$ cat input.tsv   # TSV, C-alpha atoms
chain	number	residue	atom	x	y	z
A	1	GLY	CA	-16.92	-18.94	-17.33
A	2	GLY	CA	-13.16	-19.37	-17.26
A	3	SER	CA	-12.70	-15.73	-18.21
A	4	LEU	CA	-15.05	-14.73	-15.38
A	5	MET	CA	-13.11	-16.78	-12.83
A	6	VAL	CA	-9.72	-15.50	-14.00
A	7	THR	CA	-11.04	-11.93	-13.87
A	8	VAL	CA	-12.35	-12.49	-10.35
A	9	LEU	CA	-8.99	-13.88	-9.27
A	10	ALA	CA	-7.08	-11.03	-10.92
A	11	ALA	CA	-9.15	-8.62	-8.84
A	12	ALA	CA	-8.71	-10.71	-5.69
A	13	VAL	CA	-4.94	-11.07	-6.12
A	14	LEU	CA	-4.71	-7.33	-6.74
A	15	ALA	CA	-6.58	-6.67	-3.50
A	16	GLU	CA	-4.38	-9.09	-1.56
A	17	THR	CA	-1.11	-7.83	-3.07
A	18	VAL	CA	-1.47	-4.04	-3.13
A	19	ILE	CA	-2.35	-4.20	0.57
A	20	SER	CA	0.08	-6.95	1.61
A	21	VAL	CA	0.94	-4.74	4.84
A	22	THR	CA	-2.13	-5.79	6.83
A	23	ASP	CA	-3.27	-8.60	9.10
A	24	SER	CA	-6.99	-8.23	8.32
A	25	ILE	CA	-8.99	-6.45	5.61
A	26	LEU	CA	-12.64	-5.94	4.71
A	27	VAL	CA	-14.08	-6.17	1.19
A	28	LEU	CA	-17.46	-4.51	0.65
A	29	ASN	CA	-20.12	-5.82	-1.73
A	30	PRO	CA	-17.86	-8.03	-3.86
A	31	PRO	CA	-19.31	-10.44	-6.43
A	32	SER	CA	-20.28	-13.76	-4.87
A	33	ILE	CA	-17.63	-15.44	-7.01
A	34	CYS	CA	-15.36	-12.58	-5.97
A	35	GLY	CA	-16.22	-13.17	-2.32
A	36	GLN	CA	-15.38	-16.86	-2.46
A	37	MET	CA	-12.16	-16.26	-4.39
A	38	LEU	CA	-11.15	-13.44	-2.05
A	39	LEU	CA	-11.61	-15.80	0.89
A	40	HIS	CA	-9.47	-18.39	-0.91
A	41	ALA	CA	-6.76	-15.82	-1.65
A	42	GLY	CA	-6.76	-14.59	1.94
A	43	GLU	CA	-6.42	-18.16	3.19
A	44	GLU	CA	-3.52	-18.83	0.82
A	45	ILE	CA	-1.72	-15.56	1.67
A	46	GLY	CA	-2.65	-15.74	5.35
A	47	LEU	CA	-4.62	-12.48	5.36
A	48	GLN	CA	-7.89	-12.37	7.31
A	49	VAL	CA	-10.42	-11.28	4.68
A	50	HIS	CA	-13.92	-10.27	5.76
A	51	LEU	CA	-16.79	-10.07	3.26
A	52	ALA	CA	-19.59	-7.50	3.50
B	1	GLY	CA	14.14	21.42	16.93
B	2	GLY	CA	14.94	17.77	17.52
B	3	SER	CA	11.26	17.01	18.00
B	4	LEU	CA	10.51	18.79	14.72
B	5	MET	CA	13.11	16.77	12.83
B	6	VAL	CA	12.01	13.45	14.34
B	7	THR	CA	8.39	14.29	13.48
B	8	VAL	CA	9.38	15.14	9.91
B	9	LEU	CA	11.25	11.85	9.60
B	10	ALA	CA	8.38	9.87	11.11
B	11	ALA	CA	6.14	11.31	8.39
B	12	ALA	CA	8.75	10.68	5.69
B	13	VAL	CA	9.40	7.09	6.77
B	14	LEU	CA	5.65	6.49	6.88
B	15	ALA	CA	5.34	7.78	3.32
B	16	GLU	CA	8.25	5.63	2.13
B	17	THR	CA	7.09	2.49	3.94
B	18	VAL	CA	3.32	2.38	3.40
B	19	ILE	CA	3.99	2.74	-0.33
B	20	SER	CA	7.10	0.54	-0.56
B	21	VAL	CA	5.53	-1.04	-3.90
B	22	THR	CA	6.58	1.81	-6.18
B	23	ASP	CA	9.59	2.95	-8.18
B	24	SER	CA	8.73	6.67	-8.06
B	25	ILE	CA	6.35	8.81	-6.00
B	26	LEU	CA	5.34	12.46	-5.78
B	27	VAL	CA	4.86	14.41	-2.54
B	28	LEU	CA	2.81	17.60	-2.80
B	29	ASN	CA	3.45	20.72	-0.71
B	30	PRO	CA	5.51	19.07	2.05
B	31	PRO	CA	7.32	21.16	4.67
B	32	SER	CA	10.73	22.29	3.47
B	33	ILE	CA	12.29	20.20	6.23
B	34	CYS	CA	9.88	17.47	5.17
B	35	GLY	CA	10.96	17.87	1.55
B	36	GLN	CA	14.65	17.51	2.36
B	37	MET	CA	14.07	14.56	4.67
B	38	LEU	CA	11.77	12.88	2.14
B	39	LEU	CA	14.52	13.20	-0.46
B	40	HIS	CA	16.98	11.67	2.01
B	41	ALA	CA	14.60	8.80	2.80
B	42	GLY	CA	13.98	8.14	-0.89
B	43	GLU	CA	17.72	8.07	-1.54
B	44	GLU	CA	18.27	5.64	1.34
B	45	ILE	CA	15.38	3.35	0.33
B	46	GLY	CA	16.06	3.76	-3.39
B	47	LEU	CA	12.66	5.29	-4.18
B	48	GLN	CA	12.55	8.20	-6.63
B	49	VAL	CA	10.80	10.93	-4.62
B	50	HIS	CA	9.64	14.10	-6.38
B	51	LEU	CA	8.76	17.25	-4.44
B	52	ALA	CA	6.00	19.65	-5.49
$ encode --input "input.tsv" --output "structure tokens"
Amino acid sequence: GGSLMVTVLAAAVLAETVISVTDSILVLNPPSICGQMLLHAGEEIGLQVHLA
Amino acid sequence: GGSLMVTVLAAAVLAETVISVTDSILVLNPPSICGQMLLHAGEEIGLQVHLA
């Protein structure tokens, strides 16, 4: 489980960083864990992340 | 001519900025003016620009 979460957050931080510059982004069909962690990362970095 | 140069530099600055993060990039078949101005922009921003 820990490996899964750290993988999800590696992907999420990659998405937030490679783009950060933007004020809002959309992520399509991410894993549910990935969706939650992407929302958390967007909140922390102040980037409006939408989940589809 | 001035419009051409400013257009070329708008494109070059876009290329340098949207990517800046990278240490080296490659630009394929740019206009000769665009090639020279891309080299100038890379020198100013410290990004190793290659022209093909």
$ residues_around --input "input.tsv" --residues "residue 44 of chain B" --least-positions-apart "6" --cutoff "12 Å" --atoms "all atoms listed in the file" --output "list in words"
residues 12, 13, 16, 17, 37 and 38 of chain B
$ interface_residues --input "input.tsv" --of "chain B" --to "chain A" --cutoff "10 Å" --atoms "only C-alpha atoms" --output "number ranges by chain"
B: 17-21
$ residues_near_point --input "input.tsv" --point "(13.0, 8.2, -7.6)" --cutoff "12 Å" --atoms "all atoms listed in the file" --output "ChimeraX atom specification"
/B:16,20,22-27,38-51
$ atom_distance --input "input.tsv" --atom1 "atom CA of residue 2 of chain A" --atom2 "atom CA of residue 28 of chain A"
23.7 Å
$ atom_distance --input "input.tsv" --atom1 "atom CA of residue 36 of chain A" --atom2 "atom CA of residue 3 of chain A"
16.0 Å
$ axis_aligned_box --input "input.tsv" --around "segment 10-15 of chain A" --padding-each-side "8 Å" --output "lines of an AutoDock Vina configuration file"
center_x = -6.9
center_y = -8.9
center_z = -7.2
size_x = 20.4
size_y = 20.4
size_z = 23.4
$ atom_distance --input "input.tsv" --atom1 "atom CA of residue 52 of chain B" --atom2 "atom CA of residue 9 of chain B"
17.8 Å
$ decode --input "input.tsv" --residues "segment 24-35 of chain B" --atoms "N, CA and C atoms" --output "PDB file, in the first residue's frame"
ATOM      1  N   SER B  24      18.986  21.908 -21.960  1.00  0.00           N
ATOM      2  CA  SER B  24      19.272  21.946 -23.386  1.00  0.00           C
ATOM      3  C   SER B  24      18.025  21.529 -24.152  1.00  0.00           C
ATOM      4  N   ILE B  25      17.778  22.208 -25.274  1.00  0.00           N
ATOM      5  CA  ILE B  25      16.630  21.927 -26.128  1.00  0.00           C
ATOM      6  C   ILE B  25      17.083  21.910 -27.581  1.00  0.00           C
ATOM      7  N   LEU B  26      16.243  21.322 -28.429  1.00  0.00           N
ATOM      8  CA  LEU B  26      16.476  21.259 -29.865  1.00  0.00           C
ATOM      9  C   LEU B  26      15.283  21.862 -30.587  1.00  0.00           C
ATOM     10  N   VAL B  27      15.556  22.723 -31.563  1.00  0.00           N
ATOM     11  CA  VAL B  27      14.529  23.357 -32.381  1.00  0.00           C
ATOM     12  C   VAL B  27      14.739  22.896 -33.815  1.00  0.00           C
ATOM     13  N   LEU B  28      13.688  22.348 -34.416  1.00  0.00           N
ATOM     14  CA  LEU B  28      13.774  21.690 -35.712  1.00  0.00           C
ATOM     15  C   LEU B  28      13.228  22.599 -36.806  1.00  0.00           C
ATOM     16  N   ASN B  29      14.014  22.762 -37.866  1.00  0.00           N
ATOM     17  CA  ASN B  29      13.634  23.540 -39.038  1.00  0.00           C
ATOM     18  C   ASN B  29      12.998  24.887 -38.676  1.00  0.00           C
ATOM     19  N   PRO B  30      13.677  25.713 -37.885  1.00  0.00           N
ATOM     20  CA  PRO B  30      13.188  27.065 -37.645  1.00  0.00           C
ATOM     21  C   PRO B  30      13.613  27.994 -38.766  1.00  0.00           C
ATOM     22  N   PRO B  31      12.924  29.118 -38.948  1.00  0.00           N
ATOM     23  CA  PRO B  31      13.407  30.119 -39.905  1.00  0.00           C
ATOM     24  C   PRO B  31      14.814  30.577 -39.552  1.00  0.00           C
ATOM     25  N   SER B  32      15.604  30.857 -40.592  1.00  0.00           N
ATOM     26  CA  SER B  32      16.986  31.280 -40.382  1.00  0.00           C
ATOM     27  C   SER B  32      17.053  32.441 -39.396  1.00  0.00           C
ATOM     28  N   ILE B  33      16.213  33.454 -39.607  1.00  0.00           N
ATOM     29  CA  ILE B  33      16.077  34.513 -38.615  1.00  0.00           C
ATOM     30  C   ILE B  33      15.683  33.910 -37.277  1.00  0.00           C
ATOM     31  N   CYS B  34      14.735  32.971 -37.300  1.00  0.00           N
ATOM     32  CA  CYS B  34      14.311  32.321 -36.070  1.00  0.00           C
ATOM     33  C   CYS B  34      15.454  31.541 -35.442  1.00  0.00           C
ATOM     34  N   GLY B  35      16.285  30.892 -36.256  1.00  0.00           N
ATOM     35  CA  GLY B  35      17.423  30.177 -35.700  1.00  0.00           C
ATOM     36  C   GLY B  35      18.393  31.101 -34.989  1.00  0.00           C
TER      37      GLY B  35
END
